[PDB]
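J.: Before I ask anything, let me first share the structure, which is written out below as structure tokens.
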Amino acid sequence: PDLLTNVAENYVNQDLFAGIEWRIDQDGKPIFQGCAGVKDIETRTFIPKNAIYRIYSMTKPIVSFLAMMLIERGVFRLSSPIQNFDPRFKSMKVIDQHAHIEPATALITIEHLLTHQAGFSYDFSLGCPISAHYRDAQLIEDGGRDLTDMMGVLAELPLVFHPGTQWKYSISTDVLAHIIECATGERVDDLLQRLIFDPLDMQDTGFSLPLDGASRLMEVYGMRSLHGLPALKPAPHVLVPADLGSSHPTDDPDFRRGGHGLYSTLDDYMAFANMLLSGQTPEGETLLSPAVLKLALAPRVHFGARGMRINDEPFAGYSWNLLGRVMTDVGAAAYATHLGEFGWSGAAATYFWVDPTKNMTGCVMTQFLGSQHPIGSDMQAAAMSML
Amino acid sequence: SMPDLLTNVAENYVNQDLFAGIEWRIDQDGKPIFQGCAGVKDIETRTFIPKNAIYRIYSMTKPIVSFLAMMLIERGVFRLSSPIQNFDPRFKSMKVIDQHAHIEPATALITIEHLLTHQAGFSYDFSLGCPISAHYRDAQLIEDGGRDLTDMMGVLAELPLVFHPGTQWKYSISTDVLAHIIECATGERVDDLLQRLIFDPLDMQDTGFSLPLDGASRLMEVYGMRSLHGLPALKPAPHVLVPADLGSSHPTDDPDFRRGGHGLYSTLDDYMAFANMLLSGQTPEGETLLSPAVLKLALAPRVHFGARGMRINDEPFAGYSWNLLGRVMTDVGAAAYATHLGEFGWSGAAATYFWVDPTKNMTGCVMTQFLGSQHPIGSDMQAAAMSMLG
Amino acid sequence: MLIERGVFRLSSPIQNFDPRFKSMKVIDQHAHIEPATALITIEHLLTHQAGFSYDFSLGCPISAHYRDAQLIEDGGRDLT
Amino acid sequence: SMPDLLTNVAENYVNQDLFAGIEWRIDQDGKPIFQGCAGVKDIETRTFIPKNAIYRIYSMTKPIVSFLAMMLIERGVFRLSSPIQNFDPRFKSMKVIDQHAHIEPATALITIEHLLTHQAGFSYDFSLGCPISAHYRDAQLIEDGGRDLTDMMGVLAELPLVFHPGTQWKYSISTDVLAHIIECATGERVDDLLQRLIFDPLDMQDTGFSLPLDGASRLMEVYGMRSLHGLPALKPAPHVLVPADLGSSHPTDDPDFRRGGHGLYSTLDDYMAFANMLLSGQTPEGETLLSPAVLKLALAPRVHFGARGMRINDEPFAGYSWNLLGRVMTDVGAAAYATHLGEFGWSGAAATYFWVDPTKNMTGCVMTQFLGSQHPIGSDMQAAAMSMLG
Ligand SMILES: O=[N+]([O-])c1ccc(OP(=O)(O)O)cc1
Ligand SMILES: O=[N+]([O-])c1ccc(OP(=O)(O)O)cc1
Ligand SMILES: O=[N+]([O-])c1ccc(OP(=O)(O)O)cc1
């Protein structure tokens, strides 16, 4: 049966998500797709054609792919120290949970940024020795602050471990976007447009809305604590519109970030996902060589007993490569997958995957912050089970 | 023939514009042997240090409330092993948070002993890098001095600890929890218990959580830029003699203000009475406040530290272990300033400091008011006194 | 099959379906008892990593209490 | 000037309906310095505590049988290193079981020293979570008091140990094994040996495994809900003053009942005679029961514990190590109630407790009958006496 529809319709019928779209492609063509629910529960408008989503950290694989392109082109390399491009990142310090501060004993590199092993953290990180100082500095909160200036403020704060030595999901993709700007003399949104979006015909993807985008923007729900005091337990899963403050503007021509901030559509994100199966456009234009794509996808960070975790939530059987998660042990996985399946997700519950063993890609688009229901993994499992 | 190094230290500090006013006294065999004063009550006015000047002693409150706990143990109200949840069920089912966002139930009950040793897993609002201090600040545990002790404890009780009770050491709000548990166990207020069991018998008439009737004109001005409850600083505040803003954390005339870990006003003379008593457990007249057996139980080294040593916000207390009342010198060859084996006492945020040295039958106290001092005046005065007493 | 059908998932805490399994404790061979520090999941049950034992388990810190409770012995008792 | 905290403790316990009747005595320099009684013989009848009241002292039997072992060592019957299998071949070829169902041969012989230190690997029927206690209960080792010591030991000998002899510590039935090995080595009965070598010389006329002829009317009633040999409890039995059913585990008039780890009846006065003797190894008249060298051998700390400390059924004995006769205080800074370095003694299941404190030439004993007390009356009485003796 159509497990994907059953999952999505159950979520809508239980008042857990307002609206959901999905598509799964094989060999670059749709084999499953659908939608459930509405754009917004307040007026129950149907999900529009080419509906627009805040994809949050699904921005990261895109910005990471751009960095790989610049590496291939010789702009910098995995081992390049970031201080070479912005000296504000010379002389970093490292703080610990016992209030001890000392100089970093290793320089932060491009590779560290792409692997979240640089020692940065995130404003919303619970129990973190530095997240209070991120919150005070409004790093995530102040969406109106130019990328360049936000980085100056971040650069003055201590890391939470010595670069290279541990893993922690972090604001490092934003650092990467900034370093890209320093290295190229170009803005990251312009680079993304020219090198990735245009070639893949992703006309609806950017850090601001298309001129006709307002009526297509999905409403966002949920109570997650994104820049306030980190919650000691998850907020109740209730469909109430989320307040994004000034963290995520719709029409700021200078808003650009590395770790979040893109608006996209299901169709646009599917084009990016399909490309990751080969490094080419559908017409056959190369965006990244097979060699460098293999370098980007190979498992690079391996995890101990407790596995990969973010705010203590597990990613069972996953390792980290230069673009996001990668399945390295089906016997440890918590939901259907195959060896080498890779991808990432976003705070508003958007999720995608690429499964090279099946030449398969999939994406679930929805808008819920702080979900207590792992819709992304439920939809991947459903799709896997339908092959 | 040794010169007066005590006066020299105090004088230099005042002449260097580092502290406004400083008073000190060192007693031996219960009688003053060195004493002095330097500077003024306040720098704005240069009013002279009044007779019986009054100081906010902050954590020098801790040895007093700890001593009261020991008296109650001696009297059978509770024991070191008593789980605090027996007296306040709000402390049943504690959780423990870590630096990786992981929360789990505590695997051990918090006891009276844990509170007196700072091994309960509590923290403090100003603790830099702490997995929970952000939640303390949001709750305004320290900032909101007007909140009753009992109500503040209800808010604290809902927060997780930062390690499992008994398994580590971290200087903390646990003495406030102890003051509260004392009230739960006895059905009395901690300020009344302190008044009747300690202050009255020792004639400490100027000591309490609010100013005496004639106290306002005797209150020393407090200086410095330490932030007691704001975002913890990444480096020490500059040492500048500017008056400190205490907000509403340390009221002068709130008849219900009472705490375990700070909040007392006292005077040099009153505190010396307490310190001298600690040499024997008796009042000068010979009333026993605490038997020699239980005083020995309280002073014996109880928490021992591992290479890193005892630290608070990463500042070292070199060669010190912890007993039920505060610090205790356990290795002179690791000490960072003059002392003798067994020397004990504590200090307060505004740079007040005292010690008791049983090998010399000596006590010492320096009183001053500076929050966030970059100069360890307490240890400098102790070292000076040690150097002067053979 | 029920996982494939979406009834629950490997990571589902069992207490979500029967709250009698909230607040489990853990015993050891030295008589020490403490609260469990992790919730039991469907995956734990399928892998025998939940911490349960068996009435007939020799040397087990809890099998005596299973035997006293007749868990295996009392076949007539309803599963629930 | 210190008030009578001993009477206060006892009184409160009786007035709170927590214990039926309590007697205590503290001696210094071999003469009574504090003493008293509180409550009644039995709550049903409220009969007053009789003269020379008799108590089941349970594991306060252990220091007595241990002391007899030391006398026999001094006399050359055996040595600390003697393998017990030399005296009873039933203890040849022991096995060791673990919590994972694995059984293997013991890699070391059990010695006299192992039995006196509870390091032989034996356990006890009531031990919660134990790899072997289920088999002890099936065998009715404790329950069947009517079974001769010699026969019970044959049944025990067939069971595996829970660790290899010498490698760990667990409070156990090993003192019963010792009593038995004493009988094997000497060809005499342990009760006769105790009578001749210890009770007679110390004039302990009311002490033995059966009641004196006029004993029944003097026997204190025993209360409480602890289950001595049933399925071990997952949490403490409620503390309720209801008479306890001892079944046939503790007969009053069985001329062959004798054990190493429990079973003696005694009186406060008789036990104080034993305790006082332990200060010197001599009778009041000056007969040597045990030379100073061997008494020192017996009292020196012999088993040292690792962070977790000494525990029995997970209850702590904080700051205590173990010597050949029972507990010994080795760190006052880890102690959970007042004491001095070197204080030693033991206690019994029905809440009887005694201590000897060589630094004060002091002994103390509290007698009461409550099985499974949730209130540590023994330690409370010790703390009270310590507080009263400077
Ligand atoms: O900017 N943000 O609010 C923000 C940025 C990144 C986040 O992380 P994610 O949940 O992995 O997308 C979550 C929130
Ligand atoms: O409440 N307070 O502001 C506060 C309490 C305790 C303190 O700790 P101290 O520096 O050891 O006195 C410091 C400040
Ligand atoms: O035989 N018994 O019933 C028995 C034997 C030993 C006991 O151990 P205790 O509590 O240390 O006296 C308790 C009970």
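Here's how to read the names in the structure tokens: chain A, B, ... by the order shown, residue numbers from 1 in each chain, ligand numbers from 1 in the order shown.
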Please write out the residues within 9 Å of ligand 3 as a ChimeraX atom specification, counting only C-alpha atoms and all ligand atoms.
T.: /D:57-62,124-126,141-143,145,171-173,227-229,246,249-250,259,261-263,312,346-352,371-372
J.: Produce a file of the selected residues containing N, CA and C atoms, as a compact mmCIF listing (two decimals), in the first residue's frame.
T.:
# COMPACT_ATOMS: atom_id res chain seq x y z
N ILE D 57 21.44 -10.61 70.93
CA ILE D 57 22.43 -9.67 70.42
C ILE D 57 22.85 -9.91 68.97
N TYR D 58 22.34 -10.98 68.37
CA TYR D 58 22.65 -11.27 66.96
C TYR D 58 24.15 -11.12 66.66
N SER D 59 24.54 -10.27 65.70
CA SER D 59 25.94 -10.26 65.24
C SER D 59 26.93 -9.67 66.24
N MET D 60 26.45 -9.23 67.38
CA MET D 60 27.38 -8.91 68.46
C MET D 60 27.94 -10.19 69.03
N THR D 61 27.44 -11.31 68.51
CA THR D 61 28.10 -12.60 68.71
C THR D 61 29.45 -12.62 67.98
N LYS D 62 29.54 -11.91 66.86
CA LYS D 62 30.76 -12.05 66.02
C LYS D 62 32.06 -11.62 66.70
N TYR D 124 25.22 -14.48 52.67
CA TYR D 124 24.20 -14.62 53.71
C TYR D 124 22.85 -14.78 53.03
N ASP D 125 21.94 -15.53 53.67
CA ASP D 125 20.61 -15.82 53.10
C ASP D 125 19.81 -14.57 52.70
N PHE D 126 19.97 -13.49 53.46
CA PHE D 126 19.14 -12.30 53.27
C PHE D 126 19.78 -11.30 52.30
N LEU D 141 19.73 -22.13 55.69
CA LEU D 141 20.91 -22.04 56.55
C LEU D 141 20.60 -21.26 57.84
N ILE D 142 20.03 -20.08 57.69
CA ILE D 142 19.62 -19.25 58.83
C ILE D 142 18.29 -19.67 59.46
N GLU D 143 17.33 -20.06 58.62
CA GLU D 143 15.97 -20.36 59.09
C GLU D 143 15.92 -21.54 60.06
N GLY D 145 17.21 -23.09 62.77
CA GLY D 145 18.04 -22.96 63.97
C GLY D 145 18.21 -24.27 64.73
N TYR D 171 30.16 -9.11 53.87
CA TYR D 171 29.69 -9.55 55.18
C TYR D 171 28.91 -10.85 55.03
N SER D 172 29.18 -11.83 55.89
CA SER D 172 28.79 -13.20 55.56
C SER D 172 28.64 -14.14 56.76
N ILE D 173 28.24 -15.36 56.43
CA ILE D 173 28.10 -16.48 57.34
C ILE D 173 29.47 -17.02 57.77
N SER D 227 12.85 -9.29 57.34
CA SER D 227 12.77 -10.70 57.01
C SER D 227 14.19 -11.26 56.97
N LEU D 228 14.52 -12.05 57.97
CA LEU D 228 15.87 -12.55 58.10
C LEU D 228 16.27 -13.59 57.04
N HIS D 229 15.30 -14.23 56.41
CA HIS D 229 15.65 -15.31 55.49
C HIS D 229 14.65 -15.50 54.34
N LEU D 246 10.19 -15.10 64.95
CA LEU D 246 11.53 -15.65 64.69
C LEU D 246 11.49 -17.09 64.20
N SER D 249 14.44 -20.09 64.16
CA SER D 249 15.80 -19.67 63.86
C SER D 249 16.59 -19.28 65.10
N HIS D 250 15.92 -19.08 66.23
CA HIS D 250 16.59 -18.52 67.40
C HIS D 250 16.00 -19.12 68.67
N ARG D 259 26.23 -21.11 67.31
CA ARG D 259 26.50 -20.49 66.01
C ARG D 259 27.68 -19.55 66.18
N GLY D 261 27.93 -16.49 64.13
CA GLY D 261 27.60 -15.14 63.67
C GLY D 261 26.39 -14.49 64.34
N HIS D 262 25.66 -15.28 65.13
CA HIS D 262 24.46 -14.81 65.85
C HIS D 262 24.06 -15.86 66.89
N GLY D 263 22.97 -15.61 67.61
CA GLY D 263 22.40 -16.63 68.48
C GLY D 263 22.62 -16.45 69.97
N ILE D 312 27.12 -2.94 53.63
CA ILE D 312 26.41 -4.20 53.82
C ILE D 312 24.99 -4.00 53.29
N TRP D 346 31.02 -3.59 66.94
CA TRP D 346 30.09 -4.08 65.94
C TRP D 346 28.66 -3.87 66.47
N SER D 347 27.70 -4.62 65.92
CA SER D 347 26.27 -4.40 66.18
C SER D 347 25.50 -5.67 65.83
N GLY D 348 24.20 -5.70 66.11
CA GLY D 348 23.38 -6.88 65.82
C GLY D 348 22.11 -6.47 65.11
N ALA D 349 21.47 -7.44 64.44
CA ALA D 349 20.28 -7.22 63.63
C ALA D 349 19.12 -6.57 64.39
N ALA D 350 19.03 -6.83 65.69
CA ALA D 350 17.94 -6.28 66.51
C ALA D 350 18.29 -4.92 67.14
N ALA D 351 19.27 -4.26 66.52
CA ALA D 351 19.62 -2.87 66.81
C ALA D 351 20.51 -2.69 68.04
N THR D 352 20.97 -3.79 68.63
CA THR D 352 21.99 -3.71 69.68
C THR D 352 23.28 -3.15 69.05
N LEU D 371 14.13 -5.52 64.90
CA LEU D 371 14.67 -6.05 63.65
C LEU D 371 14.28 -5.21 62.44
N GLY D 372 15.28 -4.71 61.73
CA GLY D 372 15.01 -3.89 60.54
C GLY D 372 14.71 -2.44 60.87
J.: Could you work out which residues of chain C fall inside 12 Å of chain A? Count only C-alpha atoms, and format the result as number ranges by chain.
T.: C: 1-12, 38, 41-44, 47
J.: What are the residues of chain B that have an atom within 12 Å of an atom of chain C, counting only C-alpha atoms, as JSON, numbers by chain?
T.: {"B": [93, 94, 95, 96, 97, 102, 103, 104, 105, 106, 107, 108, 109, 164]}
J.: Could you write out as a list in words the residues of chain D within 9 Å of chain B, counting only C-alpha atoms?
T.: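 Matching residues, ligands excluded from the count: residues 1, 2, 5, 8, 9, 331, 332, 333, 334, 335, 336, 337, 338, 339, 340, 380, 383, 384, 386, 387, 388, 389 and 390 of chain D.
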J.: Quick one: pick out all strand (DSSP E) residues within stretch 312-360 of chain B from a backbone DSSP run and write them as a list in words.
T.: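 Those residues are residues 312, 315, 316, 317, 320, 321, 322, 327, 328, 329, 344, 345, 353, 354, 355, 356 and 357 of chain B.
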J.: Between atom CA of residue A:217 and atom CA of residue A:143, what is the distance, to one decimal in Å?
T.: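 Here the two named atoms are 18.3 Å from each other.
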J.: Give the answer as one residue: which of A:322, A:12, A:238, A:232 has the shortest atom-to-atom distance to chain B, using only C-alpha atoms?
T.: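 Among the listed residues, the smallest separation from chain B belongs to A:232.
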J.: Residues of chain A within 12 Å of chain B, using only C-alpha atoms, as number ranges by chain?
T.: A: 93-102, 121, 124-137, 156-161, 166-169, 228-233, 306, 308-314
J.: Which residues form the shell of 9 Å around ligand 1 when you count only C-alpha atoms and all ligand atoms, given as JSON, numbers by chain?
T.: {"A": [55, 56, 57, 58, 59, 60, 122, 123, 124, 139, 140, 141, 143, 169, 170, 171, 224, 225, 226, 227, 244, 247, 248, 257, 259, 260, 261, 310, 344, 345, 346, 347, 348, 349, 350, 369, 370]}
J.: Keeping only N, CA, C and O atoms, take the residues you just selected and write them out as a tab-separated table (two decimals), in the first residue's frame.
T.:
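That gives us result24.tsv:
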chain	number	residue	atom	x	y	z
A	55	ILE	N	13.98	25.97	4.88
A	55	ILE	CA	14.62	24.66	4.95
A	55	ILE	C	15.70	24.56	6.03
A	55	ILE	O	16.34	23.51	6.19
A	56	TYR	N	15.89	25.66	6.76
A	56	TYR	CA	16.88	25.75	7.82
A	56	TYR	C	18.16	25.00	7.46
A	56	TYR	O	18.80	25.35	6.46
A	57	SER	N	18.53	23.97	8.22
A	57	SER	CA	19.88	23.35	8.03
A	57	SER	C	20.02	22.52	6.77
A	57	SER	O	21.09	21.96	6.48
A	58	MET	N	18.95	22.41	5.98
A	58	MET	CA	19.12	21.86	4.64
A	58	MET	C	19.85	22.86	3.76
A	58	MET	O	20.22	22.57	2.64
A	59	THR	N	20.08	24.05	4.30
A	59	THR	CA	21.04	24.99	3.71
A	59	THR	C	22.47	24.43	3.80
A	59	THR	O	23.32	24.71	2.94
A	60	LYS	N	22.76	23.64	4.83
A	60	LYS	CA	24.18	23.23	5.05
A	60	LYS	C	24.77	22.37	3.93
A	60	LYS	O	25.91	22.57	3.52
A	122	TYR	N	26.32	26.40	19.29
A	122	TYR	CA	25.09	27.02	18.76
A	122	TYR	C	24.37	27.68	19.91
A	122	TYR	O	24.41	27.18	21.05
A	123	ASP	N	23.69	28.79	19.63
A	123	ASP	CA	22.97	29.55	20.66
A	123	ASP	C	22.01	28.68	21.49
A	123	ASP	O	21.84	28.90	22.68
A	124	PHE	N	21.37	27.70	20.86
A	124	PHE	CA	20.30	26.93	21.51
A	124	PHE	C	20.82	25.66	22.18
A	124	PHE	O	20.05	24.83	22.64
A	139	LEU	N	23.60	35.88	18.12
A	139	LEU	CA	24.15	35.43	16.84
A	139	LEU	C	23.07	34.93	15.87
A	139	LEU	O	23.03	35.30	14.70
A	140	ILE	N	22.21	34.05	16.37
A	140	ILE	CA	21.08	33.53	15.59
A	140	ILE	C	19.89	34.50	15.56
A	140	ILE	O	19.25	34.68	14.52
A	141	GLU	N	19.60	35.10	16.70
A	141	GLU	CA	18.47	36.02	16.85
A	141	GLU	C	18.49	37.21	15.87
A	141	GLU	O	17.46	37.58	15.31
A	143	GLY	N	18.93	38.32	12.77
A	143	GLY	CA	18.99	38.00	11.35
A	143	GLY	C	19.33	39.21	10.49
A	143	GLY	O	19.86	39.06	9.38
A	169	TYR	N	27.75	19.62	16.52
A	169	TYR	CA	26.94	20.37	15.57
A	169	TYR	C	26.91	21.84	15.94
A	169	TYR	O	26.68	22.20	17.10
A	170	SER	N	27.12	22.70	14.95
A	170	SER	CA	27.51	24.08	15.24
A	170	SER	C	27.21	25.10	14.14
A	170	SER	O	26.85	24.78	13.00
A	171	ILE	N	27.42	26.35	14.51
A	171	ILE	CA	27.43	27.51	13.65
A	171	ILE	C	28.63	27.52	12.66
A	171	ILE	O	28.84	28.50	11.95
A	224	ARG	N	9.62	25.42	19.56
A	224	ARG	CA	11.03	25.19	19.91
A	224	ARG	C	11.75	26.46	20.38
A	224	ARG	O	11.44	27.55	19.93
A	225	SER	N	12.72	26.30	21.29
A	225	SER	CA	13.47	27.42	21.89
A	225	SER	C	14.77	27.73	21.13
A	225	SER	O	15.86	27.41	21.60
A	226	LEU	N	14.65	28.39	19.97
A	226	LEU	CA	15.80	28.54	19.06
A	226	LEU	C	16.92	29.51	19.50
A	226	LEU	O	18.08	29.31	19.13
A	227	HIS	N	16.60	30.53	20.28
A	227	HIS	CA	17.66	31.43	20.75
A	227	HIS	C	17.46	31.88	22.20
A	227	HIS	O	18.31	32.58	22.77
A	244	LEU	N	9.30	33.92	14.75
A	244	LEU	CA	10.70	33.87	14.34
A	244	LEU	C	11.44	35.18	14.66
A	244	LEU	O	12.62	35.30	14.35
A	247	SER	N	14.95	36.78	13.14
A	247	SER	CA	15.97	35.76	12.83
A	247	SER	C	15.93	35.27	11.39
A	247	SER	O	16.90	34.68	10.92
A	248	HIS	N	14.83	35.49	10.68
A	248	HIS	CA	14.64	34.82	9.38
A	248	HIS	C	13.85	35.71	8.41
A	248	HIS	O	12.76	35.36	8.02
A	257	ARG	N	23.40	33.40	5.05
A	257	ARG	CA	23.99	32.60	6.14
A	257	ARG	C	24.53	31.29	5.54
A	257	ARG	O	24.27	30.99	4.38
A	259	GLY	N	24.47	28.21	7.64
A	259	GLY	CA	23.84	27.08	8.32
A	259	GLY	C	22.31	27.03	8.26
A	259	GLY	O	21.71	26.05	8.65
A	260	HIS	N	21.69	28.09	7.77
A	260	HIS	CA	20.23	28.17	7.67
A	260	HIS	C	19.90	29.42	6.86
A	260	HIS	O	20.80	30.12	6.41
A	261	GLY	N	18.61	29.69	6.67
A	261	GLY	CA	18.21	30.94	6.05
A	261	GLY	C	17.65	30.82	4.63
A	261	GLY	O	16.95	31.73	4.18
A	310	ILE	N	22.89	15.17	18.62
A	310	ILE	CA	22.71	16.62	18.63
A	310	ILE	C	21.70	16.97	19.72
A	310	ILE	O	20.60	16.42	19.73
A	344	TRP	N	20.63	15.44	4.95
A	344	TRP	CA	20.49	16.19	6.19
A	344	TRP	C	19.02	16.60	6.36
A	344	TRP	O	18.12	16.01	5.75
A	345	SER	N	18.78	17.57	7.22
A	345	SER	CA	17.43	17.95	7.62
A	345	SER	C	17.49	19.37	8.13
A	345	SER	O	18.56	19.96	8.23
A	346	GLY	N	16.32	19.92	8.46
A	346	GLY	CA	16.23	21.28	8.96
A	346	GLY	C	15.35	21.32	10.20
A	346	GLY	O	14.53	20.44	10.42
A	347	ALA	N	15.55	22.37	10.99
A	347	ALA	CA	14.84	22.62	12.22
A	347	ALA	C	13.31	22.58	12.08
A	347	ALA	O	12.61	22.19	13.02
A	348	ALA	N	12.79	22.99	10.92
A	348	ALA	CA	11.34	22.99	10.74
A	348	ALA	C	10.79	21.64	10.24
A	348	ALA	O	9.67	21.56	9.72
A	349	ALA	N	11.62	20.60	10.39
A	349	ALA	CA	11.24	19.21	10.10
A	349	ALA	C	11.33	18.83	8.61
A	349	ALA	O	10.90	17.76	8.25
A	350	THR	N	11.89	19.70	7.78
A	350	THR	CA	12.20	19.30	6.40
A	350	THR	C	13.31	18.24	6.44
A	350	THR	O	14.16	18.26	7.35
A	369	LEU	N	8.58	23.58	14.02
A	369	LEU	CA	9.76	23.77	14.84
A	369	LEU	C	9.65	23.03	16.16
A	369	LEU	O	8.71	23.23	16.94
A	370	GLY	N	10.61	22.15	16.42
A	370	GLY	CA	10.64	21.42	17.67
A	370	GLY	C	9.70	20.24	17.68
A	370	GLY	O	9.07	19.95	18.69
J.: Using only C-alpha atoms, which residues sit within 7 Å of residue B:328 once same-chain residues fewer than 2 positions away are excluded, as a PDB file with N, CA, C and O atoms, in the first residue's frame?
T.:
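out-v8.pdb was written with the following content:
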ATOM      1  N   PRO B 301      39.643  16.918  57.415  1.00  0.00           N
ATOM      2  CA  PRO B 301      39.598  17.015  55.963  1.00  0.00           C
ATOM      3  C   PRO B 301      38.653  15.958  55.407  1.00  0.00           C
ATOM      4  O   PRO B 301      38.772  14.795  55.773  1.00  0.00           O
ATOM      5  N   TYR B 320      44.792  23.243  49.828  1.00  0.00           N
ATOM      6  CA  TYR B 320      43.589  23.140  50.651  1.00  0.00           C
ATOM      7  C   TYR B 320      42.714  21.935  50.308  1.00  0.00           C
ATOM      8  O   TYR B 320      42.524  21.588  49.119  1.00  0.00           O
ATOM      9  N   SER B 321      42.178  21.322  51.358  1.00  0.00           N
ATOM     10  CA  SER B 321      41.077  20.380  51.214  1.00  0.00           C
ATOM     11  C   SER B 321      39.817  21.083  51.752  1.00  0.00           C
ATOM     12  O   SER B 321      39.875  22.253  52.156  1.00  0.00           O
ATOM     13  N   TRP B 322      38.688  20.389  51.749  1.00  0.00           N
ATOM     14  CA  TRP B 322      37.442  20.958  52.258  1.00  0.00           C
ATOM     15  C   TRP B 322      36.920  20.159  53.448  1.00  0.00           C
ATOM     16  O   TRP B 322      36.893  18.923  53.397  1.00  0.00           O
ATOM     17  N   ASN B 323      36.494  20.851  54.509  1.00  0.00           N
ATOM     18  CA  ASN B 323      35.856  20.176  55.634  1.00  0.00           C
ATOM     19  C   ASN B 323      34.396  20.645  55.728  1.00  0.00           C
ATOM     20  O   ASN B 323      33.918  21.291  54.807  1.00  0.00           O
ATOM     21  N   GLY B 326      34.368  24.746  55.585  1.00  0.00           N
ATOM     22  CA  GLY B 326      35.085  25.529  54.560  1.00  0.00           C
ATOM     23  C   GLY B 326      36.439  24.903  54.253  1.00  0.00           C
ATOM     24  O   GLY B 326      36.568  23.675  54.259  1.00  0.00           O
ATOM     25  N   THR B 330      45.968  21.188  54.111  1.00  0.00           N
ATOM     26  CA  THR B 330      46.395  19.795  54.261  1.00  0.00           C
ATOM     27  C   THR B 330      47.782  19.512  53.688  1.00  0.00           C
ATOM     28  O   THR B 330      48.288  18.429  53.854  1.00  0.00           O
ATOM     29  N   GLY B 342      46.519  22.470  58.955  1.00  0.00           N
ATOM     30  CA  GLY B 342      45.308  22.551  59.772  1.00  0.00           C
ATOM     31  C   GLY B 342      44.633  23.907  59.817  1.00  0.00           C
ATOM     32  O   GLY B 342      43.544  24.035  60.380  1.00  0.00           O
ATOM     33  N   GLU B 343      45.277  24.926  59.248  1.00  0.00           N
ATOM     34  CA  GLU B 343      44.676  26.257  59.171  1.00  0.00           C
ATOM     35  C   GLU B 343      43.376  26.150  58.387  1.00  0.00           C
ATOM     36  O   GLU B 343      43.326  25.479  57.359  1.00  0.00           O
ATOM     37  N   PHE B 344      42.327  26.808  58.855  1.00  0.00           N
ATOM     38  CA  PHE B 344      41.038  26.670  58.197  1.00  0.00           C
ATOM     39  C   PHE B 344      40.255  27.990  58.206  1.00  0.00           C
ATOM     40  O   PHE B 344      40.611  28.923  58.943  1.00  0.00           O
ATOM     41  N   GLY B 345      39.211  28.074  57.379  1.00  0.00           N
ATOM     42  CA  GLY B 345      38.291  29.212  57.400  1.00  0.00           C
ATOM     43  C   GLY B 345      37.665  29.373  56.024  1.00  0.00           C
ATOM     44  O   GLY B 345      37.585  28.417  55.240  1.00  0.00           O
TER      45      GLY B 345
END
J.: Looking only at helix (DSSP H, G or I) from DSSP on the backbone, list the matching residues of chain C as a list in words.
T.: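 For chain C, the helix (DSSP H, G or I) set is residues 14, 15, 16, 19, 20, 21, 42, 43, 44, 45, 46, 47, 63, 64, 65, 66, 67, 68 and 69 of chain C.
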J.: Please provide as a PyMOL selection string all residues within 10 Å of residue A:202, with the sequence filter that same-chain residues fewer than 5 positions apart are discarded (counting only C-alpha atoms).
T.: chain A and resi 193+196-197+264-265+267-272
